[PDB]
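**Student:** My structure is in coords.pdb, and what it holds is PDB, C-alpha atoms and all ligand atoms:
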MODEL        1
ATOM      1  CA  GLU A 190     -10.998  58.990   1.287  1.00  0.00           C
ATOM      2  CA  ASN A 191     -14.621  58.593   2.384  1.00  0.00           C
ATOM      3  CA  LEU A 192     -16.592  55.362   1.829  1.00  0.00           C
ATOM      4  CA  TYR A 193     -20.291  54.736   2.520  1.00  0.00           C
ATOM      5  CA  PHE A 194     -19.868  50.956   2.438  1.00  0.00           C
ATOM      6  CA  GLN A 195     -16.948  48.529   2.358  1.00  0.00           C
ATOM      7  CA  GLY A 196     -17.656  44.939   1.388  1.00  0.00           C
ATOM      8  CA  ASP A 197     -20.232  43.584   3.856  1.00  0.00           C
ATOM      9  CA  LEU A 198     -20.048  46.740   6.022  1.00  0.00           C
ATOM     10  CA  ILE A 199     -22.424  49.655   5.480  1.00  0.00           C
ATOM     11  CA  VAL A 200     -22.753  52.983   7.233  1.00  0.00           C
ATOM     12  CA  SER A 201     -25.520  52.965   9.882  1.00  0.00           C
ATOM     13  CA  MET A 202     -25.173  49.248  10.659  1.00  0.00           C
ATOM     14  CA  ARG A 203     -25.121  48.128  14.276  1.00  0.00           C
ATOM     15  CA  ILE A 204     -21.667  46.925  15.256  1.00  0.00           C
ATOM     16  CA  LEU A 205     -19.370  46.148  18.192  1.00  0.00           C
ATOM     17  CA  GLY A 206     -16.306  48.347  18.781  1.00  0.00           C
ATOM     18  CA  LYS A 207     -13.256  47.989  21.032  1.00  0.00           C
ATOM     19  CA  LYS A 208     -13.164  50.802  23.604  1.00  0.00           C
ATOM     20  CA  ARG A 209     -10.095  52.274  25.298  1.00  0.00           C
ATOM     21  CA  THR A 210     -10.793  49.891  28.231  1.00  0.00           C
ATOM     22  CA  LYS A 211     -10.073  46.948  25.864  1.00  0.00           C
ATOM     23  CA  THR A 212     -13.662  45.778  26.326  1.00  0.00           C
ATOM     24  CA  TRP A 213     -16.131  45.776  23.449  1.00  0.00           C
ATOM     25  CA  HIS A 214     -19.431  47.622  23.264  1.00  0.00           C
ATOM     26  CA  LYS A 215     -22.387  48.041  20.941  1.00  0.00           C
ATOM     27  CA  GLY A 216     -22.705  51.022  18.651  1.00  0.00           C
ATOM     28  CA  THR A 217     -23.430  52.274  15.150  1.00  0.00           C
ATOM     29  CA  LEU A 218     -21.029  52.573  12.218  1.00  0.00           C
ATOM     30  CA  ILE A 219     -21.317  56.248  11.226  1.00  0.00           C
ATOM     31  CA  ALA A 220     -18.457  56.612   8.711  1.00  0.00           C
ATOM     32  CA  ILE A 221     -15.836  54.603   6.832  1.00  0.00           C
ATOM     33  CA  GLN A 222     -12.526  55.768   5.407  1.00  0.00           C
ATOM     34  CA  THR A 223      -9.692  54.393   3.312  1.00  0.00           C
ATOM     35  CA  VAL A 224      -6.334  56.168   3.386  1.00  0.00           C
ATOM     36  CA  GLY A 225      -3.721  54.463   1.214  1.00  0.00           C
ATOM     37  CA  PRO A 226      -3.419  50.852   2.532  1.00  0.00           C
ATOM     38  CA  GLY A 227      -5.465  51.426   5.720  1.00  0.00           C
ATOM     39  CA  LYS A 228      -9.212  51.398   6.394  1.00  0.00           C
ATOM     40  CA  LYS A 229     -10.868  52.828   9.497  1.00  0.00           C
ATOM     41  CA  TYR A 230     -14.390  52.741  10.831  1.00  0.00           C
ATOM     42  CA  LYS A 231     -16.019  55.497  12.883  1.00  0.00           C
ATOM     43  CA  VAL A 232     -18.268  54.032  15.598  1.00  0.00           C
ATOM     44  CA  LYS A 233     -20.774  55.955  17.722  1.00  0.00           C
ATOM     45  CA  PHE A 234     -21.215  53.906  20.884  1.00  0.00           C
ATOM     46  CA  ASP A 235     -24.626  53.797  22.526  1.00  0.00           C
ATOM     47  CA  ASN A 236     -23.372  56.416  25.066  1.00  0.00           C
ATOM     48  CA  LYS A 237     -22.809  58.822  22.113  1.00  0.00           C
ATOM     49  CA  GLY A 238     -19.014  58.588  22.531  1.00  0.00           C
ATOM     50  CA  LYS A 239     -17.201  58.061  19.212  1.00  0.00           C
ATOM     51  CA  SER A 240     -14.046  56.206  18.190  1.00  0.00           C
ATOM     52  CA  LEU A 241     -12.200  55.793  14.888  1.00  0.00           C
ATOM     53  CA  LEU A 242     -11.201  52.114  14.762  1.00  0.00           C
ATOM     54  CA  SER A 243      -9.224  49.793  12.506  1.00  0.00           C
ATOM     55  CA  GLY A 244     -11.218  46.926  10.984  1.00  0.00           C
ATOM     56  CA  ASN A 245      -9.717  44.423  13.457  1.00  0.00           C
ATOM     57  CA  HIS A 246     -11.211  46.526  16.299  1.00  0.00           C
ATOM     58  CA  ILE A 247     -14.828  46.190  15.162  1.00  0.00           C
ATOM     59  CA  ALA A 248     -16.947  43.042  15.264  1.00  0.00           C
ATOM     60  CA  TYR A 249     -20.321  42.145  13.813  1.00  0.00           C
ATOM     61  CA  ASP A 250     -23.365  42.382  16.042  1.00  0.00           C
ATOM     62  CA  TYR A 251     -24.342  38.796  15.269  1.00  0.00           C
ATOM     63  CA  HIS A 252     -23.172  35.300  16.180  1.00  0.00           C
ATOM     64  CA  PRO A 253     -21.053  33.192  13.765  1.00  0.00           C
ATOM     65  CA  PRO A 254     -23.055  30.804  11.537  1.00  0.00           C
ATOM     66  CA  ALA A 255     -22.142  27.121  11.820  1.00  0.00           C
ATOM     67  CA  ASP A 256     -18.773  26.374  10.189  1.00  0.00           C
ATOM     68  CA  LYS A 257     -17.866  30.057   9.666  1.00  0.00           C
ATOM     69  CA  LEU A 258     -15.162  29.991  12.393  1.00  0.00           C
ATOM     70  CA  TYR A 259     -11.982  27.912  12.342  1.00  0.00           C
ATOM     71  CA  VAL A 260      -8.991  27.405  14.591  1.00  0.00           C
ATOM     72  CA  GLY A 261      -7.164  30.742  14.499  1.00  0.00           C
ATOM     73  CA  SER A 262     -10.318  32.824  13.926  1.00  0.00           C
ATOM     74  CA  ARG A 263     -10.336  36.267  15.564  1.00  0.00           C
ATOM     75  CA  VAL A 264     -13.432  36.776  17.704  1.00  0.00           C
ATOM     76  CA  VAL A 265     -15.020  38.711  20.509  1.00  0.00           C
ATOM     77  CA  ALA A 266     -16.392  36.452  23.245  1.00  0.00           C
ATOM     78  CA  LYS A 267     -18.368  36.867  26.440  1.00  0.00           C
ATOM     79  CA  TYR A 268     -16.307  36.441  29.603  1.00  0.00           C
ATOM     80  CA  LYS A 269     -18.499  35.832  32.653  1.00  0.00           C
ATOM     81  CA  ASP A 270     -17.575  36.283  36.291  1.00  0.00           C
ATOM     82  CA  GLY A 271     -20.180  36.248  39.038  1.00  0.00           C
ATOM     83  CA  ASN A 272     -23.135  38.286  37.773  1.00  0.00           C
ATOM     84  CA  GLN A 273     -20.999  40.325  35.341  1.00  0.00           C
ATOM     85  CA  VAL A 274     -20.115  39.874  31.669  1.00  0.00           C
ATOM     86  CA  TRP A 275     -17.423  41.507  29.555  1.00  0.00           C
ATOM     87  CA  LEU A 276     -16.920  41.310  25.797  1.00  0.00           C
ATOM     88  CA  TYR A 277     -13.277  40.571  25.123  1.00  0.00           C
ATOM     89  CA  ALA A 278     -11.194  39.674  22.088  1.00  0.00           C
ATOM     90  CA  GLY A 279      -9.670  36.267  21.586  1.00  0.00           C
ATOM     91  CA  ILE A 280      -8.721  33.462  19.219  1.00  0.00           C
ATOM     92  CA  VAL A 281     -10.663  30.291  18.459  1.00  0.00           C
ATOM     93  CA  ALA A 282      -8.535  27.391  19.727  1.00  0.00           C
ATOM     94  CA  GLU A 283     -11.155  24.675  19.037  1.00  0.00           C
ATOM     95  CA  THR A 284     -14.441  24.555  17.150  1.00  0.00           C
ATOM     96  CA  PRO A 285     -17.425  22.443  18.378  1.00  0.00           C
ATOM     97  CA  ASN A 286     -16.763  18.688  18.304  1.00  0.00           C
ATOM     98  CA  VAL A 287     -17.553  15.539  20.318  1.00  0.00           C
ATOM     99  CA  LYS A 288     -14.349  15.819  22.383  1.00  0.00           C
ATOM    100  CA  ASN A 289     -15.319  19.282  23.699  1.00  0.00           C
ATOM    101  CA  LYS A 290     -19.102  18.701  23.951  1.00  0.00           C
ATOM    102  CA  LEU A 291     -19.831  20.967  20.967  1.00  0.00           C
ATOM    103  CA  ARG A 292     -18.291  24.178  22.320  1.00  0.00           C
ATOM    104  CA  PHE A 293     -15.738  26.696  21.082  1.00  0.00           C
ATOM    105  CA  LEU A 294     -12.495  26.961  23.029  1.00  0.00           C
ATOM    106  CA  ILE A 295     -11.406  30.608  23.223  1.00  0.00           C
ATOM    107  CA  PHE A 296      -7.966  31.897  24.147  1.00  0.00           C
ATOM    108  CA  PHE A 297      -8.555  35.487  25.221  1.00  0.00           C
ATOM    109  CA  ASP A 298      -5.984  38.172  24.490  1.00  0.00           C
ATOM    110  CA  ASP A 299      -5.062  38.353  28.195  1.00  0.00           C
ATOM    111  CA  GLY A 300      -4.223  34.610  28.246  1.00  0.00           C
ATOM    112  CA  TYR A 301      -7.355  33.156  29.864  1.00  0.00           C
ATOM    113  CA  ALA A 302      -9.052  30.158  28.244  1.00  0.00           C
ATOM    114  CA  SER A 303     -12.750  29.335  28.252  1.00  0.00           C
ATOM    115  CA  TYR A 304     -15.266  27.115  26.486  1.00  0.00           C
ATOM    116  CA  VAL A 305     -18.184  29.128  25.094  1.00  0.00           C
ATOM    117  CA  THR A 306     -21.251  28.605  22.891  1.00  0.00           C
ATOM    118  CA  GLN A 307     -22.138  30.293  19.583  1.00  0.00           C
ATOM    119  CA  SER A 308     -24.430  32.802  21.363  1.00  0.00           C
ATOM    120  CA  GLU A 309     -21.343  34.023  23.248  1.00  0.00           C
ATOM    121  CA  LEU A 310     -19.276  34.851  20.119  1.00  0.00           C
ATOM    122  CA  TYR A 311     -19.048  37.644  17.563  1.00  0.00           C
ATOM    123  CA  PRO A 312     -16.692  37.546  14.521  1.00  0.00           C
ATOM    124  CA  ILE A 313     -14.224  40.411  14.203  1.00  0.00           C
ATOM    125  CA  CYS A 314     -14.952  42.217  10.939  1.00  0.00           C
ATOM    126  CA  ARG A 315     -11.491  42.554   9.361  1.00  0.00           C
ATOM    127  CA  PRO A 316      -8.942  40.342  11.170  1.00  0.00           C
ATOM    128  CA  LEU A 317      -5.270  40.609  10.295  1.00  0.00           C
ATOM    129  CA  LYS A 318      -4.032  38.013   7.774  1.00  0.00           C
ATOM    130  CA  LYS A 319      -1.954  36.565  10.616  1.00  0.00           C
ATOM    131  CA  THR A 320      -4.749  36.814  13.152  1.00  0.00           C
ATOM    132  CA  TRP A 321      -2.451  36.946  16.219  1.00  0.00           C
ATOM    133  CA  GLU A 322      -0.543  40.030  15.023  1.00  0.00           C
ATOM    134  CA  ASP A 323      -2.849  42.458  16.884  1.00  0.00           C
ATOM    135  CA  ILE A 324      -2.480  40.699  20.249  1.00  0.00           C
ATOM    136  CA  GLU A 325      -0.926  43.488  22.321  1.00  0.00           C
ATOM    137  CA  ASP A 326       0.782  41.245  24.900  1.00  0.00           C
ATOM    138  CA  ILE A 327       3.753  39.818  22.981  1.00  0.00           C
ATOM    139  CA  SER A 328       3.938  36.692  25.164  1.00  0.00           C
ATOM    140  CA  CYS A 329       0.286  35.956  24.331  1.00  0.00           C
ATOM    141  CA  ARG A 330       0.915  36.819  20.671  1.00  0.00           C
ATOM    142  CA  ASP A 331       3.845  34.396  20.490  1.00  0.00           C
ATOM    143  CA  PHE A 332       1.858  31.631  22.186  1.00  0.00           C
ATOM    144  CA  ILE A 333      -1.015  31.988  19.720  1.00  0.00           C
ATOM    145  CA  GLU A 334       1.346  31.944  16.735  1.00  0.00           C
ATOM    146  CA  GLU A 335       2.930  28.767  18.128  1.00  0.00           C
ATOM    147  CA  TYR A 336      -0.434  27.153  18.841  1.00  0.00           C
ATOM    148  CA  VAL A 337      -2.058  27.911  15.482  1.00  0.00           C
ATOM    149  CA  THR A 338       1.093  27.049  13.496  1.00  0.00           C
ATOM    150  CA  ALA A 339       1.462  23.608  15.133  1.00  0.00           C
ATOM    151  CA  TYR A 340      -2.263  22.772  15.266  1.00  0.00           C
ATOM    152  CA  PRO A 341      -3.453  20.034  15.336  1.00  0.00           C
ATOM    153  CA  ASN A 342      -0.132  19.082  16.943  1.00  0.00           C
ATOM    154  CA  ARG A 343      -0.899  20.116  20.527  1.00  0.00           C
ATOM    155  CA  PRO A 344       1.434  19.028  23.349  1.00  0.00           C
ATOM    156  CA  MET A 345      -0.730  18.654  26.453  1.00  0.00           C
ATOM    157  CA  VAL A 346      -0.378  16.945  29.801  1.00  0.00           C
ATOM    158  CA  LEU A 347      -2.741  14.188  30.914  1.00  0.00           C
ATOM    159  CA  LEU A 348      -4.067  15.205  34.333  1.00  0.00           C
ATOM    160  CA  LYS A 349      -6.419  13.313  36.633  1.00  0.00           C
ATOM    161  CA  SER A 350      -8.769  14.500  39.365  1.00  0.00           C
ATOM    162  CA  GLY A 351      -6.941  14.681  42.701  1.00  0.00           C
ATOM    163  CA  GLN A 352      -3.452  14.824  41.173  1.00  0.00           C
ATOM    164  CA  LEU A 353      -1.033  17.059  43.053  1.00  0.00           C
ATOM    165  CA  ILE A 354       1.167  19.318  40.910  1.00  0.00           C
ATOM    166  CA  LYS A 355       2.808  22.709  41.093  1.00  0.00           C
ATOM    167  CA  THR A 356       1.131  25.453  39.071  1.00  0.00           C
ATOM    168  CA  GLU A 357       2.740  28.785  38.211  1.00  0.00           C
ATOM    169  CA  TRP A 358       1.047  32.050  39.164  1.00  0.00           C
ATOM    170  CA  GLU A 359       2.672  35.478  38.703  1.00  0.00           C
ATOM    171  CA  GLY A 360       6.294  34.303  38.930  1.00  0.00           C
ATOM    172  CA  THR A 361       6.012  31.616  41.652  1.00  0.00           C
ATOM    173  CA  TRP A 362       5.171  27.907  41.561  1.00  0.00           C
ATOM    174  CA  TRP A 363       2.424  26.922  43.999  1.00  0.00           C
ATOM    175  CA  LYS A 364       1.212  23.653  45.473  1.00  0.00           C
ATOM    176  CA  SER A 365      -1.998  22.812  43.682  1.00  0.00           C
ATOM    177  CA  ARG A 366      -4.491  20.063  42.930  1.00  0.00           C
ATOM    178  CA  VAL A 367      -6.383  18.991  39.812  1.00  0.00           C
ATOM    179  CA  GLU A 368     -10.081  19.412  40.627  1.00  0.00           C
ATOM    180  CA  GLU A 369     -11.565  18.416  37.271  1.00  0.00           C
ATOM    181  CA  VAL A 370     -10.846  18.112  33.585  1.00  0.00           C
ATOM    182  CA  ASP A 371     -13.056  19.519  30.839  1.00  0.00           C
ATOM    183  CA  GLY A 372     -11.805  18.748  27.335  1.00  0.00           C
ATOM    184  CA  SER A 373      -8.555  20.654  26.802  1.00  0.00           C
ATOM    185  CA  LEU A 374      -8.922  22.566  30.109  1.00  0.00           C
ATOM    186  CA  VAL A 375      -8.187  21.647  33.708  1.00  0.00           C
ATOM    187  CA  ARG A 376      -9.499  23.346  36.830  1.00  0.00           C
ATOM    188  CA  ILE A 377      -6.612  23.774  39.265  1.00  0.00           C
ATOM    189  CA  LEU A 378      -7.065  24.541  42.968  1.00  0.00           C
ATOM    190  CA  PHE A 379      -4.242  26.455  44.638  1.00  0.00           C
ATOM    191  CA  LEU A 380      -3.977  24.847  48.063  1.00  0.00           C
ATOM    192  CA  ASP A 381      -2.671  27.925  49.925  1.00  0.00           C
ATOM    193  CA  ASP A 382      -5.712  30.144  49.291  1.00  0.00           C
ATOM    194  CA  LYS A 383      -8.272  27.721  47.757  1.00  0.00           C
ATOM    195  CA  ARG A 384      -8.545  29.927  44.657  1.00  0.00           C
ATOM    196  CA  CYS A 385      -8.972  27.979  41.432  1.00  0.00           C
ATOM    197  CA  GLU A 386      -8.521  28.519  37.731  1.00  0.00           C
ATOM    198  CA  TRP A 387      -9.351  26.954  34.386  1.00  0.00           C
ATOM    199  CA  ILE A 388      -6.047  26.404  32.551  1.00  0.00           C
ATOM    200  CA  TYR A 389      -5.271  24.973  29.109  1.00  0.00           C
ATOM    201  CA  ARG A 390      -3.668  21.522  29.474  1.00  0.00           C
ATOM    202  CA  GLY A 391      -0.859  22.615  27.125  1.00  0.00           C
ATOM    203  CA  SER A 392      -0.009  25.629  29.323  1.00  0.00           C
ATOM    204  CA  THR A 393       3.580  25.891  30.575  1.00  0.00           C
ATOM    205  CA  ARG A 394       2.049  27.039  33.883  1.00  0.00           C
ATOM    206  CA  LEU A 395       1.380  23.361  34.712  1.00  0.00           C
ATOM    207  CA  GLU A 396       4.567  21.850  36.128  1.00  0.00           C
ATOM    208  CA  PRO A 397       4.555  18.711  33.894  1.00  0.00           C
ATOM    209  CA  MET A 398       4.011  20.853  30.807  1.00  0.00           C
ATOM    210  CA  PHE A 399       6.708  23.357  31.803  1.00  0.00           C
ATOM    211  CA  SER A 400       9.211  20.528  32.227  1.00  0.00           C
ATOM    212  CA  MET A 401       8.657  19.162  28.707  1.00  0.00           C
ATOM    213  CA  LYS A 402       7.944  22.443  26.860  1.00  0.00           C
TER
HETATM  214  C1  LIG B 501     -12.293  27.750  43.096  1.00  0.00           C
HETATM  215  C2  LIG B 501     -12.735  26.477  43.758  1.00  0.00           C
HETATM  216  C3  LIG B 501     -13.091  28.830  42.994  1.00  0.00           C
HETATM  217  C4  LIG B 501     -12.572  30.077  42.397  1.00  0.00           C
HETATM  218  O1  LIG B 501     -11.527  30.610  42.805  1.00  0.00           O
HETATM  219  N1  LIG B 501     -13.337  30.610  41.418  1.00  0.00           N
HETATM  220  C5  LIG B 501     -13.034  31.706  40.577  1.00  0.00           C
HETATM  221  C6  LIG B 501     -14.051  32.537  40.109  1.00  0.00           C
HETATM  222  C7  LIG B 501     -13.783  33.583  39.273  1.00  0.00           C
HETATM  223  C8  LIG B 501     -12.462  33.858  38.862  1.00  0.00           C
HETATM  224  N2  LIG B 501     -12.225  34.951  38.063  1.00  0.00           N
HETATM  225  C9  LIG B 501     -10.937  35.166  37.727  1.00  0.00           C
HETATM  226  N3  LIG B 501     -10.667  36.244  36.957  1.00  0.00           N
HETATM  227  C10 LIG B 501      -9.317  36.594  36.545  1.00  0.00           C
HETATM  228  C11 LIG B 501      -9.317  37.587  35.409  1.00  0.00           C
HETATM  229  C12 LIG B 501      -9.932  37.047  34.130  1.00  0.00           C
HETATM  230  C13 LIG B 501      -9.915  38.046  32.990  1.00  0.00           C
HETATM  231  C14 LIG B 501     -10.527  37.437  31.747  1.00  0.00           C
HETATM  232  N4  LIG B 501     -10.428  38.298  30.534  1.00  0.00           N
HETATM  233  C15 LIG B 501     -10.877  37.566  29.321  1.00  0.00           C
HETATM  234  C16 LIG B 501     -11.199  39.558  30.701  1.00  0.00           C
HETATM  235  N5  LIG B 501      -9.887  34.422  38.095  1.00  0.00           N
HETATM  236  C17 LIG B 501     -10.096  33.372  38.882  1.00  0.00           C
HETATM  237  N6  LIG B 501      -9.039  32.673  39.258  1.00  0.00           N
HETATM  238  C18 LIG B 501      -7.697  33.011  38.813  1.00  0.00           C
HETATM  239  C19 LIG B 501      -6.638  32.266  39.576  1.00  0.00           C
HETATM  240  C20 LIG B 501      -6.235  32.851  40.902  1.00  0.00           C
HETATM  241  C21 LIG B 501      -5.155  32.035  41.552  1.00  0.00           C
HETATM  242  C22 LIG B 501      -4.525  32.678  42.740  1.00  0.00           C
HETATM  243  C23 LIG B 501      -3.368  31.828  43.220  1.00  0.00           C
HETATM  244  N7  LIG B 501      -2.807  32.252  44.540  1.00  0.00           N
HETATM  245  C24 LIG B 501      -1.695  31.357  44.964  1.00  0.00           C
HETATM  246  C25 LIG B 501      -2.376  33.678  44.564  1.00  0.00           C
HETATM  247  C26 LIG B 501     -11.421  33.019  39.321  1.00  0.00           C
HETATM  248  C27 LIG B 501     -11.736  31.941  40.184  1.00  0.00           C
ENDMDL
END
Here is a file; write its structure as structure tokens.

**Tutor:**
Amino acid sequence: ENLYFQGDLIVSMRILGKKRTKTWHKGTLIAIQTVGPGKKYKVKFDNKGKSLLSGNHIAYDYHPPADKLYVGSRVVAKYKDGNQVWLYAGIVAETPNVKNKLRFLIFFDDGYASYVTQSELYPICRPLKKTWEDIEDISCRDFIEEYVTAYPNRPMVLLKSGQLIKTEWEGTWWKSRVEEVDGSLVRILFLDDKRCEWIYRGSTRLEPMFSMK
């Protein structure tokens, strides 16, 4: 069945859609449909390519108002590396507070964690009732369910600058060093190659956390 609007969505609105690359891109909502229990949203991306998307695979082209997001909220966030930016789906792990210097903590669908500001976020239009249930990587899905279900119970390890620990990376444990702590994240330096990473302090990739998981 055809629809020309659906709640707060209207045909011809600007929107973000999830492309086949798993990154999100700006476009225009050109059609809406409802077929039995399922709604889909036809998006024309700015390159004129089109995709028929479920409501959890579109996001508003605006930033969340204050107090609209909560822990567990399904969002698209900017991920920055060098001079590049990607829009990528994730879950709000923390909302702005004194402890995190008024930032949102995002757990991206691929497992990376990052503090971001409101200008770096977009709410997903129609998240699943259990927001984690569209996380494609089942290990990430299971982690998010665990995290959100326990919250605010959050087992984390206390780490200090200079501390030497082993950190897991792709199936091996590596000699590493705590370079700095930022709220619920720690920046770990791998001593073998001097590559570093921001990791959640409740991650089982940190040896002390693994041991007590
Ligand atoms: C440290 C002092 C500097 C450093 O290494 N910086 C650095 C800069 C940029 C980085 N980008 C990434 N990207 C990984 C993919 C992220 C995808 C995010 N999605 C949301 C789209 N990663 C790192 N570091 C990762 C850790 C690498 C550790 C290697 C350990 N060896 C033992 C193999 C990164 C780091």

**Student:** Collect all residues with atoms no farther than 9 Å from ligand LIG 501 (chain B), counting all atoms listed in the file, and output them as JSON, numbers by chain.

**Tutor:** {"A": [211, 212, 266, 267, 268, 269, 270, 271, 274, 275, 276, 277, 278, 279, 296, 297, 298, 299, 300, 301, 302, 303, 356, 357, 358, 359, 361, 362, 363, 364, 365, 368, 376, 377, 378, 379, 380, 381, 382, 383, 384, 385, 386, 387]}

**Student:** Where does the PyMOL selection byres (((chain A and resi 232-249) around 8) and not hetatm) land in this file, that is, which residues does it pick, as an MDAnalysis selection string?

**Tutor:** chainID A and resid 203:208 214:220 227:231 250:252 264:265 311:317 323

**Student:** Excluding segment 332-340 of chain A and residues on its chain fewer than 5 positions from it, collect all residues at most 9 Å away from it, counting all atoms listed in the file, and give them as a PyMOL selection string.

**Tutor:** chain A and resi 260-261+280+282+296+319-322+324+327

**Student:** Atom CA of residue 292 of chain A and atom CA of residue 344 of chain A are how many Å apart?

**Tutor:** 20.4 Å

**Student:** Can you tell me which residues surround residue 193 of chain A at a distance of at most 10 Å, considering all atoms listed in the file, apart from same-chain residues fewer than 2 positions away, and format the answer as a ChimeraX atom specification?

**Tutor:** /A:191,195,198-201,218-222

**Student:** Neighbourhood query: residues within 8 Å of (-3.1, 15.6, 44.8), file coordinates, counting only C-alpha atoms; return as a short mmCIF file (atom, residue, chain, number, x, y, z; two decimals) with C-alpha atoms, in the coordinates of the input.

**Tutor:**
data_model
loop_
_atom_site.label_atom_id
_atom_site.label_comp_id
_atom_site.auth_asym_id
_atom_site.auth_seq_id
_atom_site.Cartn_x
_atom_site.Cartn_y
_atom_site.Cartn_z
CA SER A 350 -8.77 14.50 39.36
CA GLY A 351 -6.94 14.68 42.70
CA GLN A 352 -3.45 14.82 41.17
CA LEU A 353 -1.03 17.06 43.05
CA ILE A 354 1.17 19.32 40.91
CA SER A 365 -2.00 22.81 43.68
CA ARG A 366 -4.49 20.06 42.93
CA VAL A 367 -6.38 18.99 39.81
#

**Student:** Just need the box for segment 319-325 of chain A, edges along x, y and z, holding every atom the file lists for it with 5 Å tacked onto each side, so centre and edge lengths in Å to one decimal, as lines of an AutoDock Vina configuration file.

**Tutor:**
center_x = -2.6
center_y = 40.0
center_z = 16.5
size_x = 14.2
size_y = 16.9
size_z = 21.7

**Student:** To verify the selection step, state as a PyMOL selection string which residues the PyMOL selection byres (((chain A and resi 400) around 12) and not hetatm) yields on this input.

**Tutor:** chain A and resi 344-346+354-356+391-399+401-402

**Student:** Once you count only C-alpha atoms, which residues end up no further than 6 Å from (-23.5, 33.7, 18.6) in the file's frame, shown as an NGL selection string?

**Tutor:** :A and (252-253 or 307-310)

**Student:** So the first atom is atom CA of residue 226 of chain A and the second is atom CA of residue 331 of chain A; what is the distance between them in Å, to one decimal place?

**Tutor:**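 Distance reported for this atom pair: 25.4 Å.
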
**Student:** Can you work out the spacing between atom CA of residue 389 of chain A and atom CA of residue 281 of chain A in Å, to one decimal?

**Tutor:**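 The value is 13.1 Å.
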
**Student:** Using all atoms listed in the file for the distances, tell me which of A:192, A:255, A:305, A:294 is nearest to residue 373 of chain A.

**Tutor:**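 With all atoms listed in the file as the atom set, the closest residue is A:294.
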
**Student:** Return the single residue from A:196, A:343, A:304, A:318 that is closest to residue 375 of chain A, with distances computed using all atoms listed in the file.

**Tutor:** A:304
